[PDB]
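Asker: What would the 3D arrangement of this be:
(6 chains, ligands or ions: 26)
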Amino acid sequence: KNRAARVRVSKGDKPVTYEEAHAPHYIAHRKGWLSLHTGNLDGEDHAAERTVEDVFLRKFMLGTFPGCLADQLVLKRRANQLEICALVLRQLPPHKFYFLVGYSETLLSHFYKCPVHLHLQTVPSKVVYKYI
Amino acid sequence: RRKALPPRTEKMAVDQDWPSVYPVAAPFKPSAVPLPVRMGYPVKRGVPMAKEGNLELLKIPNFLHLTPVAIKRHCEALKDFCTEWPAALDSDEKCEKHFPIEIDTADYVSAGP
Amino acid sequence: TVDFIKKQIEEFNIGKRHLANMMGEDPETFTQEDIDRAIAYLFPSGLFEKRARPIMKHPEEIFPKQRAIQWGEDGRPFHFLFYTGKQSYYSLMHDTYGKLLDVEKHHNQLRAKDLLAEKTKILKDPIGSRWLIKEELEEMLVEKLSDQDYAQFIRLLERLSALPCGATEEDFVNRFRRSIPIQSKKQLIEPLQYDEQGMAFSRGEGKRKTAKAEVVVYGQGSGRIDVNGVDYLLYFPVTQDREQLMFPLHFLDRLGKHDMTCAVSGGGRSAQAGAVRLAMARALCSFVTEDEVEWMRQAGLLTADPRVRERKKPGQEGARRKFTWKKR
Amino acid sequence: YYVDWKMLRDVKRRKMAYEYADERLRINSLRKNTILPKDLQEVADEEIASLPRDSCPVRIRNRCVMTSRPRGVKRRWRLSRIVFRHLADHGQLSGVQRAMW
Amino acid sequence: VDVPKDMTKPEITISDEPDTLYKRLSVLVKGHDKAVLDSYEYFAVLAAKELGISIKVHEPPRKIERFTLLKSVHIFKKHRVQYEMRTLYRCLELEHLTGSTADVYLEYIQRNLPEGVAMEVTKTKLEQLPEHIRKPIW
RNA sequence: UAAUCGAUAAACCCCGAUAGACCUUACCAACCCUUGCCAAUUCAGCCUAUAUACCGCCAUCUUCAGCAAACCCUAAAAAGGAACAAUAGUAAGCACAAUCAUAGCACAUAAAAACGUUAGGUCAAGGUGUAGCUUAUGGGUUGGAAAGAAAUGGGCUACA
Ligand SMILES: [Mg+2]
Ligand SMILES: [Mg+2]
Ligand SMILES: [Mg+2]
Ligand SMILES: [Mg+2]
Ligand SMILES: [Mg+2]
Ligand SMILES: [Mg+2]
Ligand SMILES: [Mg+2]
Ligand SMILES: [Mg+2]
Ligand SMILES: [Mg+2]
Ligand SMILES: [Mg+2]
Ligand SMILES: [Mg+2]
Ligand SMILES: [Mg+2]
Ligand SMILES: [Mg+2]
Ligand SMILES: [Mg+2]
Ligand SMILES: [Mg+2]
Ligand SMILES: [Mg+2]
Ligand SMILES: [Mg+2]
Ligand SMILES: [Mg+2]
Ligand SMILES: [Mg+2]
Ligand SMILES: [Mg+2]
Ligand SMILES: [Mg+2]
Ligand SMILES: [Mg+2]
Ligand SMILES: [Mg+2]
Ligand SMILES: [Mg+2]
Ligand SMILES: [Mg+2]
Ligand SMILES: [Mg+2]
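Answerer: Numbers count the residues shown, from 1 in each chain, chains lettered A, B, ... in the order given. Ligands and ions are numbered 1, 2, ... in the order given. Let me share the structure:
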C-alpha cells in the first residue's frame, strides 16, 4: 500500500487540512505545489541550490513559529526576491509577531544574500476540510 | 485580550480604484479582497472552501495588480519613455537594403540570487 | 442555513459589482460568461480538474439544493406522504397511478359509447426519445432514489404510454422524456474549390500511427499519384502499400479519373500508406454523391485508426510481456 | 556537524581537488600530448604521482546533500531517490508530479 | 477627495546618440501550468497594444520530462514510481521596435513577471555596416 | 581465504546497486590520534544488537469490495439484521464508482485500490525507544578483499 504523503484514516474524529486530505497522486490535479521557482523548468539550472534553501526555510520557519503554524509555507521566488506566505494561529500577541517578522526579514536576507518578504495570515484555528 | 478586527470588505467602496489597493505583486491577502472566491475540490455534501484560510489561493500567483484598468494606467505613463519607430522601415525589403546585418543576442531571466 | 444563503447572495452581488469595477466592464451587462473569464484571468490556477479551479457563482449554484421545510411550526407535516420516507417519489407514483386510472375510466366510457378518437403516440423513434436515468430522476426529486423504485417508475410510465393518451397525459409524460439528438453522425462534406484556374479541386487530411498526410486531388486530371515530389510507385515499392492507395479509388471507380499529390510525414512504410489512404478517402467525398460517402464510411474508409503503440509499463518487457515469474 | 564521516571526508576531497585543480590541469597537458618527447613526460608522471592522493577529482563521490547516500542520487537535485520522493509527494518541489500517461 | 497634487516628476533626457533599432524581439516564456501562461499572454498583448507594437503570439510545443525511481526503500524493483515534469512554452513575437521602446516594454514585462515562469529574450539588432567594410581596398 | 551485510515460498535470485581499480566500502591486515566536524556541554562519535518496539517507505490478498462513527430492532442480544408483487433496517465517512492524465470524443492504458493478514522486507536512505562501546564496537593512511570442485535463477548469441 502507498504510504508517502498519506495520512491514515482514524475512527472518524481526526481533523485534517486540505493539503493533507489529498494523496500525492492528486498534485497538479486537485492541489498545487507548495513552492514555485524556475529551477524545475526544462532549460533552466540551479535546482538543488533552490531546493536546499527551500528545505532550510521550511525547518527554520517551523522552529521559529512553534505550535502556531497552521499549514506549510508557500515559497514564491520572483526576480531575486523570495516571498514566504504563512498561515499562523493567533496564539502570540501582535507585539511578539512583529518582533519575529522583523527579525526574520533581516536574518534571512543577510543569510541568503537576497531580499526576503514575509507575509502572515492569522487564522482563529486550523481549518478543517474533511471529517473532524 | 484577543481582538478581532473586521476586514476591508465592509469598508471597500463600490467605485474604489483597484490598482490603489493592489499596486504590486501581493500574496493575495484575503482581508484586502472583497471578492468572495471559493477554490478547492468540493465535498459530497460540502462546498469549495472560502477565501479565508485557503492555502490553494495563496499557492497560485495573483494577477490582481495586472487588471486591465491598471495596465492601461501604467502603460499611459510609459509613453514618455518610448520612442517612435520610423515609418521608412515598415517593410523588410527596405530594411534588408538599409541595414543588411542582423545581430542576434540572447538574454535570460531566472528567479534566484 | 437559510440566512447563510441569504447573506451569501448579498456577498455574491457586492463581489460581482467589485469585480466589474476592477475589470472595467459595465456591471449591468456583467454576466456569468464574463465572471468566468475574469476569475480565470485574475486567479490563473493551472489544474487538470476543472472543479478544483476557483469558482464564484450564485449561492444556489454553488451550494447544493436543500430539502424544503417538511413541517410547520405546529409540527404537522405539509405533504400527506411525509411518513412514507420518500414523499416526492411516492407522490409522483400516486399521481401517475391516479392519471392511469382516470385514463382507464375515460377509455372505458369511450369504448362503451363506441368512440375511438385517440392515436398511438408511444413510438418516438424519429425524435430520439429516451426515459430519464436514475441520476436525471434524482436531480428532479431532491431525495435519494433506489434502483428498484426507478425500475417500477419506468415500468409504470410504459404502462401509461401503452394506453390511449389524453391531452394532458402526453404532456405529463413528455417532461420525463429526454430527446437525445446524437444520431446524425453524417460527416461534413467539403465543397468543391476552384483555385487559380483549376476545376474539381479538393484537399484532405489523414493521420494514422504518428503519420500525418495531406492530399490534394484534382478531378479533371488523369489517374496518377505524386508522393513528396516523386512517383507513388517509387515511394511505395511494396505491393501492399500500393494496394492501400488503390483501396479508396477502386471502391469509387475513380482510378484513372483523378490526379493526386500526397505529402506524408512521420511513421513507417505502412503508417504513411494508411494515413494517405485515410486522407484520400476523406478528400474523395466532394467528388461523389452522399449515398456513396455512407458506403465508404461503412467500409472503413472514412474512419480513423485509434490503434497506436501502447506505453511500456515498469516491471514488464513490452507493456504486456511480464518477467519470467518463478513460482519457487 | 555533517551528515556522516564519509560526507565529511568527501568535503575535504572536493576542497583538495579544487585546490589542486590548476596544478593537475597544467601537468596533464605534458602527459596527454605527443609533440613533446617522452623523456619529460616520464618525469611529469612522477611529478603528478608525487601529488597528494585526495587531490585528484576521481576520489570525489557524488552523494546526497540530505542523507549522504552514496547511490541512488539524481545529479540535478543532488538528492537521494527517497528524499526526493518524500519532498515531491509533499509538494515542496515545483513542476514535479506523478507521471500519468 | 484627498488627491495629492504634483505627483509626477520624471527624469527623461534625449541624447544625440542615434537610437538602436531591432528587427525582431522573440520572448520565450516557459512555465509549468497553462492558466498562468494564458493570463500572462493576455497581459502582454494588452500592454503591447497600448504602445502600438503589433505583437504576434503563438504557442510552441510542450516538453515532457519523465523519470523513474524505485517504489520501496530497500529491495523492490518490479514496482516503480514515475515522475513527470511538464514545460509549456509561449512565444511573443515583437517587430519594428527601437532601443528605448524595447527597453521600456521589457521593463514593464519583467517587473511584473510571475514567480513560477521564466523568460528567454532574443533581440535581432539592426546595423547597416561597420567602418572597415563600407568601401575599402585593403 | 584475514576479508562485509541485508533479500533468500508465491511477494528473493541484472534484488538494495539507474552500478565496486584508491573513494564508494559499513570487510580484513599493517600502522597513528584519543573532549577527537559544532559556539559550548563528566561531551562528541558507533553501519553495535533488537525490523519480534518504531516512524518514515513498499510487497501480498488486490481491479476483492468491503471497512466503519451515530442510531434502531430481536420473547436476549455469543451475535445477527435480507426477501422489490419486499418480512428491520437508516446510515456521516473511508473504499469502489465518478473524475483526472495519455492536450477533440468513445475505448484502452496509466493512476488509484479503504480496514486489515503475512510479528513480511528495510536499525545499512534518514531520525530513532531499550540494551551495550569511550586511549574504543570511535576517528585517520597504505595494501588487499582472491579462486572455482560443483549446483541453480534471469538475460544476449546462435544451432541456419
Ligand atoms: Mg519483447
Ligand atoms: Mg548518525
Ligand atoms: Mg567516486
Ligand atoms: Mg551476503
Ligand atoms: Mg541474516
Ligand atoms: Mg531480479
Ligand atoms: Mg576498501
Ligand atoms: Mg563505528
Ligand atoms: Mg516488523
Ligand atoms: Mg531480519
Ligand atoms: Mg461499499
Ligand atoms: Mg435466540
Ligand atoms: Mg450490527
Ligand atoms: Mg456509512
Ligand atoms: Mg482523459
Ligand atoms: Mg478508463
Ligand atoms: Mg499499479
Ligand atoms: Mg479508481
Ligand atoms: Mg519477524
Ligand atoms: Mg517472507
Ligand atoms: Mg542508529
Ligand atoms: Mg544490525
Ligand atoms: Mg582505508
Ligand atoms: Mg552461477
Ligand atoms: Mg536464447
Ligand atoms: Mg554475430
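Asker: where does residue E:65 fall, helix, sheet strand or coil?
Answerer: strand (DSSP: H, G, I helix; E, B strand; the rest coil).
Asker: Provide a list of residues in contact with the residue sitting nearest the centre point of chain C.
Answerer: Central residue of chain C (C-alpha atoms, centre = their mean): residue C:182, 6.5 Å from the mean position. Contact analysis of residue C:182 by C-beta atoms under 8 Å, 6 or more residues apart in numbering or on different chains lists residue C:128. To be clear about C-beta, it is placed using only N, CA and C from the backbone, and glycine gets the same treatment.
Asker: count of residues packed around the nearest residue in space to residue B:72 that is not next to it in sequence?
Answerer: Closest residue to residue B:72 apart from its sequence neighbours, by C-beta to C-beta, 6 or more residues apart in numbering or on different chains: residue E:50 at 6.4 Å. Residues lying near residue E:50 (other C-beta atoms under 10 Å in any protein chain shown) number 16.
Asker: Dihedrals phi and psi, residue E:50?
Answerer: When read as degrees, to the nearest 10, the backbone of residue E:50 gives phi -60, psi -40.
Asker: OK, contacts around it?
Answerer: Residues in contact with residue E:50 (C-beta under 8 Å, 6+ apart) are B:71, B:72, B:75, B:76.
Asker: Do you have the strands of chain C handy? List them.
Answerer: C:129-131, C:177-179, C:201-207, C:212-218, C:224-227, C:230-231, C:259-265 (DSSP state E).
Asker: Put together a markdown table for those strands, with mean neighbour count on each row.
Answerer: Below are those laid out as a markdown table (neighbours: other C-beta atoms under 10 Å in any protein chain shown):
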| stretch | mean neighbour count |
| --- | --- |
| strand C:129-131 | 15 |
| strand C:177-179 | 13 |
| strand C:201-207 | 19 |
| strand C:212-218 | 21 |
| strand C:224-227 | 18 |
| strand C:230-231 | 10 |
| strand C:259-265 | 19 |
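Asker: out of those strands, nearest to residue B:5?
Answerer: Judged by C-beta to C-beta, the one of the strands of chain C that comes nearest to residue B:5 is strand C:177-179, at 53.1 Å.
Asker: List the neighbouring strands of the closest one plus their orientation.
Answerer: strand C:129-131 (antiparallel) (DSSP bridges).
Asker: Contacts for the partner strand, please.
Answerer: Strand C:129-131 is touched from outside by C:154, C:157, C:176, C:177, C:178, C:179, C:180, with contacts defined as C-beta under 8 Å, 6+ apart.
Asker: From those residues, pick the one nearest chain B.
Answerer: In terms of C-beta to the nearest C-beta, no member of the contacts of strand C:129-131 lies closer to chain B than residue C:178, at 25.2 Å.
Asker: Closest one to residue C:87 out of the contacts of strand C:129-131, please.
Answerer: Nearest to residue C:87 among the contacts of strand C:129-131: residue C:176, at 18.6 Å, using C-beta to C-beta.
Asker: Look at residue E:98 and say how many residues are nearby.
Answerer: Neighbour count of residue E:98, defined by other C-beta under 10 Å: 19.
Asker: For it, give me its contacts.
Answerer: B:82, B:83, B:84, B:85, E:19, E:20, E:21, E:22.
Asker: Show me where chain E has its strands.
Answerer: For chain E, the strands defined by DSSP E cover E:21-31, E:56-58, E:63-70, E:80-98, E:118-127.
Asker: Tabulate those strands (JSON lines), appending distance to residue D:68.
Answerer: JSON lines is the format used below for these (distance: least, C-beta to C-beta, whole Å):
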{"stretch": "strand E:21-31", "distance to residue D:68": "33"}
{"stretch": "strand E:56-58", "distance to residue D:68": "47"}
{"stretch": "strand E:63-70", "distance to residue D:68": "18"}
{"stretch": "strand E:80-98", "distance to residue D:68": "22"}
{"stretch": "strand E:118-127", "distance to residue D:68": "31"}
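Asker: so which of those comes closest to residue B:33?
Answerer: strand E:21-31 (23.9 Å).
Asker: Just want the angle from that closest one to strand E:63-70.
Answerer: 30 degrees (axes from the mean of the first three to the mean of the last three C-alpha atoms, to 10 degrees).
Asker: Mind giving me the packing neighbours of strand E:21-31?
Answerer: Applying 3 or more C-beta pairs under 8 Å, 6 or more residues apart in numbering or on different chains; DSSP states H and E, we find strand E:21-31 packed against helix E:34-51, strand E:80-98, helix E:99-110, strand E:118-127.
Asker: which bits of chain B sit near RNA strand F?
Answerer: B:43, B:44, B:45 (C-beta under 7 Å from any atom of the strand).
Asker: Please identify the helix or strand for the first one.
Answerer: Looking back up the chat, that one is residue B:43. Counting by DSSP states H and E, no helix or strand carries residue B:43.
Asker: need the longest helix for chain B.
Answerer: Secondary structure assigned by DSSP state H gives helix B:68-77 as the longest helix of chain B.
Asker: So what's the residue count around the nearest residue to residue C:56 once chain neighbours are set aside?
Answerer: Of all residues not flanking residue C:56 in the chain, residue B:37 sits nearest, at 5.4 Å (C-beta to C-beta, 6+ apart). Residue B:37: 20 surrounding residues under other C-beta under 10 Å.
Asker: Ramachandran angles for residue B:37?
Answerer: The phi and psi values for residue B:37, taken as degrees, to the nearest 10, are phi -120, psi 130.
Asker: Do a quick rundown of the strands in chain A.
Answerer: A:35-36, A:74-78, A:81-89, A:116-123.
Asker: Can you name the residue of chain D nearest chain C?
Answerer: Proximity of chain D to chain C (C-beta to the nearest C-beta) peaks at residue D:101, 6.3 Å away.
Asker: shouldn't that residue be in contact with residue C:312?
Answerer: No. With contact defined as C-beta atoms under 8 Å, residue D:101 does not count as touching residue C:312 (11.3 Å).
Asker: what sits in contact with each of these two?
Answerer: In contact with both residue D:101 and residue C:312: no residue, using C-beta under 8 Å, 6+ apart.
Asker: Which one of these two is surrounded by more residues?
Answerer: Remark: of residue D:101 and residue C:312, residue C:312 carries more neighbours, 12 against 7, as counted by other C-beta under 10 Å.
Asker: In contact with the nearest residue to that one once chain neighbours are set aside, which residues?
Answerer: Distances taken as C-beta to C-beta, 6+ apart place residue C:319 nearest to residue C:312, at 4.7 Å, with adjacent residues excluded. Residue C:319 makes contact with C:310, C:311, C:312, C:313 under the criterion C-beta under 8 Å, 6+ apart.
Asker: Please see if the longest helix seen in chain C touches RNA strand F.
Answerer: Longest helix in chain C by number of residues (criterion: DSSP H): helix C:87-112. No. Judged by C-beta under 7 Å from any atom of the strand, helix C:87-112 stays clear of RNA strand F, getting no closer than 10.4 Å.
Asker: Check which helices and strands that helix is in contact with.
Answerer: Contacts defined by 3+ C-beta pairs under 8 Å, 6+ apart place helix C:87-112 against helix C:147-161, helix C:167-174.
Asker: how about the longest one: buried residues?
Answerer: Neighbour-count burial for helix C:147-161 flags C:149, C:150, C:153, C:154, C:157, C:160, C:161 (criterion: 16 or more other C-beta atoms under 10 Å in any protein chain shown).
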